[PDB]
Amino acid sequence: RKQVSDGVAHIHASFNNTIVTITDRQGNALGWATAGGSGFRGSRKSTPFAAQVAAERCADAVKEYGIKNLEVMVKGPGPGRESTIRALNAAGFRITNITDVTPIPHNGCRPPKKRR
Amino acid sequence: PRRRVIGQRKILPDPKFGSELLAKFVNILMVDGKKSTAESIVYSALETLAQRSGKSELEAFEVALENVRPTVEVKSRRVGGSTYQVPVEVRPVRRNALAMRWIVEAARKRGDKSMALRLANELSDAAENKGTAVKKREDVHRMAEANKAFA
Amino acid sequence: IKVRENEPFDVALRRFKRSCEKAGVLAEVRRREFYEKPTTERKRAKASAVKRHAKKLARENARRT
Amino acid sequence: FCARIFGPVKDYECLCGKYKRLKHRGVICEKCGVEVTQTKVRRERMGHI
RNA sequence: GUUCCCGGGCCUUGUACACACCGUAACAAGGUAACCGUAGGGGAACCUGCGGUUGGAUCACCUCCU
RNA sequence: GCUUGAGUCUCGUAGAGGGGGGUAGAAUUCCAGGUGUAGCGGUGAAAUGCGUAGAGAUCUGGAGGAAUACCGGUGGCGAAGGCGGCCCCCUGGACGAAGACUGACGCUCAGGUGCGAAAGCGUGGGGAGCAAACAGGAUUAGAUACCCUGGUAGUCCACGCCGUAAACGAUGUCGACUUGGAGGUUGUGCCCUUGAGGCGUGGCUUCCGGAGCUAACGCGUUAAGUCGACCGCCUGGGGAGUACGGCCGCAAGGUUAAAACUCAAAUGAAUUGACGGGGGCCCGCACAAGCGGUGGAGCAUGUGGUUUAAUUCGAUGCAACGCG
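Residues numbered from 1 in each chain as written, not as in the entry; some residues may be left out. Chains lettered and ligands numbered in written order. Part of a larger assembly, values for the part shown. Heavy atoms only, no water.

For this deposition, the record names cryo-EM as the technique by which the model was determined and cites 6.7 Å as its resolution.

Chain C is annotated in the PDB entry as 30S ribosomal protein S21 from Escherichia coli. In the PDB, the structure is listed with the title "Structure of 30S ribosomal subunit and RNA polymerase complex in non-rotated state". UniProt, in the comment section headed Sequence similarities, describes chain C in these words: "Belongs to the bacterial ribosomal protein bS21 family." (UniProt positions renumbered as here; feature names shortened; annotations may be inferred.)

As recorded in the PDB entry, chain B goes by 30S ribosomal protein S7 and comes from Escherichia coli. In the Function part of its UniProt record, chain B is described as follows: "One of the primary rRNA binding proteins, it binds directly to 16S rRNA where it nucleates assembly of the head domain of the 30S subunit. Is located at the subunit interface close to the decoding center, probably blocks exit of the E-site tRNA." According to UniProt, the comment filed for chain B under the heading Sequence similarities is "Belongs to the universal ribosomal protein uS7 family."

Here it is, written out as C-alpha cells:
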C-alpha cells in the first residue's frame, strides 16, 4: 500500500525502550516495532539485543509496502542507536542514508528528573 | 599453577610399535598401577579391532583416532561479568588427552566380555563412527558452534 | 549528522554523530536542571586535568628507573 | 642511526630529548647510553658488529 | 593461564573510631554525600522545592582512530 | 607655597553589569485532520493512570508559559548579592599612551541610610515542567520515607512589607613594601604588527615554592609575611545566637541579646592500626583437566546423649571424634 519506497524508520530510543516507527516522508505511518512489545521486560529492554529483535519486528510489516532505499532518521541515543541501524543494514536494506535528525532544544522548557 | 609454561614429559615407548600415541593409551587404560597386565590387553584388543576394521594394527588406530579427536574444548574465560563459554582451540597434545580418555571410559562401561574385547568393540565402533566413544566427541563439537559469536 | 557514501560502506558509519555530541546534550537535557552541579564537578575535573600535565612534568626531570 | 650506538642527533642533543642542553657533555641517557658530544663528530663515528 | 572461588601479604584511599564496624539521617560513595538560610508539614528523625560552598568519593574498566 | 597621595578632562576598548519593552527558533502539555498498533510509561521489581470513547509514535497549522545546548575558558562584570540569545535608548564602574592643575581636597565607624539570592504574604493577571499538605500501589512488622502517576501553595510580570544566610577564596577596608615559572582574560607604548612576536606597565583569578608567620596543613605580590589608621567580636561547652521588653510587621517573625544550674572538657590539624560487598599484583592443588573416597555396605575405634550399682575426667569450629 501507499506505493512507498522511502520508508522513513524513525528509531527513537528513550532509556529503557526502543520504539521504531516506520512512516512516509509525508507522515503516513506504516506501523512499529519495540524492544518492549516483543518481550524482554526489565533491564532486558535496556539491551540492544532487544533493540536487535526490535529492528527485526521493524524489518517486517513492510513486505506489503516495499521499502528499499530507506532513510534511517535517528533521535534518542539511549538503548538503541547501535545494534538497530546495524540490524537494518543486516536485514537486507539498502539505506540511502542514515540520518541523525536531532532538533535539539536549547533547554527552553524544564525537563523531567531521574537518578538521585 | 601460576607459573607453569611447561609442556609434556617423557614416557617409555611401546615395546612393539614406534607409536607413542599407543604408549599413552596404555598408561591411561591401566589401573592400580599394573601396566604389564594392562599392556598385554591393549595388544589383544588392538588386534581384533584392526581385524574387524579392515587395515593394520597402526593405521586402524590413527584413522580410528580422528573420529574421536575434537579440535575444540570450551573453557570458562570471561571478559565481562556474564556467564558464557568461549570456543577454545586446544593444543595438539591435549587433543589426544581427550580421545584416549573416553575410549578408556568406554572400556569400563558396556558389560560385554573381556577388557581386550569390550575395548576391541568401542574403538571398532569408532572405526565406523558409532558407540559411546565417538559419541561424546560429537557432543563437545556441538558445544562449540552454539557459542561462536563471543570472540 | 547525515552520513551517506554511495557504495564503499558495508557498514552503517555513524562516527560523526558520536563525533558531534551524541551523549553530549543527552546528559544535559534528560534529567533535572540543578544549575550549580556542573560547576562543582568541573572543579574536581579541572584539578585532575592539570594533574596529568603535572605528571608530564613528573616524567621529564628524573625517572632514572 | 642511533645515539646509543653512535651519538647525539644534534650538538649535545639526546635521542629522547632528555638533554636539550648544549652544556651537557659526557652524561649519557641512563636508559640507553647517549654520551652527549657534537653531532658533527658523527662524520667520524666508528662502530662494529 | 589469573580473568572464577577460599584464605594471606605489600602499596594505596577513607574515618566526629582508638573503650579500635521507635528508625539508620551523618562517619567507606554508609549502597540517597554534607551543612548553613527560608516556608510548610508529619509520632519523630528528617524530607520536598530554591540559592551557595567544599568542612566530599573513583576517575579504575569495556568497545574504536595513530 | 611645592609635589611622589585623592580626583577630573581631551583621545579609546571589552563585557552572564543593571533597567523598560519588543522579537526569532526548537522542545513540551494540549486541540483539529490523514495513517496506524496493542502496548506506552517506570523501576532492583511491581503498580496508580491511559487504551476499539482509539494513548504513545509521524507530518502540517497554532495559542499560553518559563528558560537560552553547542560559542563556555580554578573565564568576565561588581561594594556585595547575584547574573549567560538579539535589537533600540539610558548608564554606573574598572584601565591605559602624552599633557594641564587646586595643592593632602585622604581613611573609617555607635545612633543613621541604602542593596538584599530564595522563601512567606497582600493585589491586577497566570499555571506548559517540576512539585510542600495529601491520595493509590509496593520496599516493610509500619509510612505520613528513596520510586512513578496526579495535584493546591510557590515559581513569572509590576508595586511593597518582616528585612534573613556556609551573604564563605570562612581571609574586614585605604595604602606602601617583599627572588620566579606555567598561564588565562582585557587594553596600551616602542622596533620592519616582514610573521604566528621580543621588552615594560595596571585590574581579576588558579597551582608549586623563598623570605616570614604557624599547632599543622599551608597562605605566599589576590597573603595567614611587615606597619600605620578605623570598627565589630571572644574569655571552656550547653543553656542560646532563644524566651520576653523598646522599635517594626495584615501573617511567618526580625534586630539588640541574658541568667539559675551542671559537666571538667568542647574543638582543630595531623598519623599508624581495625574494617570495607573500593583499586592493582602475587603465593598454596583455591580453580581449570583427570584418579581414588566419606555418605548406601562390612569390620575396628571414639564422643555427646540414654541407662545403669558404676558405665571417670578432659577436649567439645577450623586445631575434638584410631586423641590421652
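Once that is clear, we can look at the protein's contact with RNA strand E. Surrounding RNA strand E, one finds 14 residues, the nearest of these being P1 and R2 of chain B together with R32, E36 and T40 of chain C. For RNA strand E, the fraction of atoms within 4 Å of the protein that belong to sugar or phosphate moieties is 47%. In this structure, a base oxygen belonging to RNA strand E sits 3.1 Å away from a main-chain N or O atom of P1 of chain B. Grouping the amino acids of the surface near RNA strand E by side-chain chemistry returns 4 nonpolar, 2 polar and 8 charged. (Near = heavy atom within 4 Å. Polar contact = N/O pair within 3.5 Å; in protein donor to acceptor, adjacent residues only side chain to side chain. Nonpolar A, V, L, I, M, F, W, Y, C, P; charged D, E, K, R; others polar.)

As a further point, take the pattern of salt bridges. Counted under the stated rule, the structure contains 15 salt bridges over all chains. Ionic pairing is found between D100 of chain A and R81 of chain A, a salt bridge with its closest N-O pair at 3.0 Å. Taken together, the residues span a long stretch of sequence, with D100 of chain A in the segment after β5 (94-99) and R81 of chain A in the loop between β4 (69-77) and α2 (85-88) at a distance of 19 residues. For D100 of chain A, a relative accessible area of 5% translates into the label buried. Residues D32 of chain B and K34 of chain B are paired through a salt bridge, measuring 3.9 Å at the closest nitrogen-oxygen approach. Classification of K34 of chain B as partly exposed rests on a relative accessible area of 43%. Residues joined by salt bridges that share partners form a network here, namely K135, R137, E138, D139 and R142 of chain B. (Salt bridge = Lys/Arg side-chain N within 4 Å of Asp/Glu carboxyl O. Helix = DSSP H or I, 4+ residues; strand = E, 2+ residues; numbered from the N terminus. Buried < 20%, exposed > 50% of the residue type's maximum accessible area, 1.4 Å probe, protein only.)

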